[PDB]
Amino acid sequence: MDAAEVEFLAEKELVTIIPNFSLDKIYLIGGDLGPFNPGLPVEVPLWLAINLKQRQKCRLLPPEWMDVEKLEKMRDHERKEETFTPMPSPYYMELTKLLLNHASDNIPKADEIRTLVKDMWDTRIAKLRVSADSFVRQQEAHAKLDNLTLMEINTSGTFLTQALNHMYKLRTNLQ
């Protein structure tokens, strides 16, 4: 799995748009969507929202958590904690990337939001490094990690699992 596929799953996440056009509810294989009404909030998959925004047929609304004040508190929280803290969304990195790239005009303080989220990612990947060192040094064989995101797990998880596989062989070569 590559990062493009992680984003592919993120695109399924629902977001709220403000249509500037009218249209009867559509019947997609994954579920009904709409109806659509000018000026009325609608729930649609991220990939559809992105496309409609590009097509300039709607306004993108930012997630309640995509706020400089809240993100600023989350970043400080993540730094104070030795473990991983609960992230706003299971696809916070993908939603920031896609929304800021296609609707920064609809997101206030987009510049700052980008820095705060980039910081959270930096602090969490670094923490993952320190966490893995502890896991390896104590030669652990199992771990719970409810707070990690898929993008994070996929980005450095092949390294950790490859290392664990080798250690397993080395730990059992005299058996």
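All residue numbers are counted from 1 along the displayed sequence.
Peer 1: Look up the CA B-factors in the entry and say which stretch, 159-167 or 21-29, has the higher mean.
Peer 2: Result: 21-29.
Peer 1: Would 84-92 or 99-107 have the larger average of its C-alpha temperature factors, as given in the entry?
Peer 2: Higher of the two, by average CA B-factor, is 99-107.
Peer 1: When you compare the CA B-factors of 122, 140, 64, 133 as listed in the entry, which one comes out on top?
Peer 2: Max CA B-factor in the entry, restricted to 122, 140, 64, 133: 64.
Peer 1: Hey, what third does residue 50 fall into on Cα B-factor, ranked over its chain?
Peer 2: Middle third of the chain for residue 50's C-alpha B-factor.
Peer 1: Considering only modelled residues of the same chain, in which third does the CA B-factor of residue 147 rank: lowest, middle or highest?
Peer 2: Ranked within chain, residue 147 CA B lands in the lowest tercile.
Peer 1: Split the chain's modelled residues into thirds by Cα B-factor; is residue 70 in the lowest, middle or highest one?
Peer 2: CA B-factor rank for residue 70: highest third.
Peer 1: Looking at the temperature factor on the CA atom of residue 118, which third of the chain's modelled residues does it land in?
Peer 2: Residue 118: CA B-factor falls in the middle third of its chain.
Peer 1: Looking at the C-alpha B-factor of residue 42, is it in the lowest, middle or highest third of its chain?
Peer 2: Its C-alpha B-factor belongs to the highest third of this chain's values.
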